[PDB]
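Here's a solo chain for you in structure tokens, the form deposited in one PDB entry.
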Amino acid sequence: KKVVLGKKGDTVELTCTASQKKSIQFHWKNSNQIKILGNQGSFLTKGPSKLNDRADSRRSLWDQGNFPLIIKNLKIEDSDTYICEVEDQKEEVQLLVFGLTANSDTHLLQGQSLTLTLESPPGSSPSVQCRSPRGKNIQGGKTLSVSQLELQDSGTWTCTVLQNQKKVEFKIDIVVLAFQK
């Protein structure tokens, strides 16, 4: 019943451990039984999944009975339940991938608005809280908006997404321009 939150574009490592410290046959599949990755003896195999190009393991850990599924450059649609089948046993983990972006990548003026949009996978019910450098707090669901930026909002905002009692953190740099009267 494991839940793992991921950040869009980041890398996540999903764990799978065997009872003994030895390299044995393992395989990762998704909820639709599509093969992601596994081993054949001392070799890695990759299945016909959409993660193919971005999926890998750590073979230096196999001899210790650890068979991770590493997914790089995470996409929202990577969100799914993944199952590691090892020594007649199934280890299940739900991956949820989130993205958080500002309305513009350009500098903003004092008094102008900022809107942050959380990209979420289907079925997820995340709550979000963002805090600016001055301590300005905003919270919501899919979209968080600040009506008027202050000069003191310029800098790194920190946004926490809460899902299944787990949280992931986004840092977003916002520039608010100073001016002379």
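Only residues modelled in both forms are compared. In this text, the rigid core denotes the largest set of C-alpha atoms whose superposition between the two forms falls within 1.5 Å. Numbering starts at 1 and follows the sequence shown.
One more form of this protein should be noted, the form deposited in another entry, which is absent from this view; the next part is about it.
- With the core held fixed, residue 138 shows a CA shift of 2 Å or greater between this form and the one not shown.
- With the core held fixed, residue 48 shows a CA shift of 2 Å or greater between this form and the one not shown.
- Relative to this conformation, a decrease of 3 Å or more in the Cα-Cα distance between residue 41 and residue 57 is found in that other deposited form.
- Between the C-alpha atoms of residue 97 and residue 44, a gap narrowed by no less than 3 Å is obtained in that other deposited form, as opposed to the form on display.
- By the rule of 2 Å per CA over three or more consecutive residues, the rigid core superposition between this form and the one not shown yields shifted runs at 40-49, 135-140.
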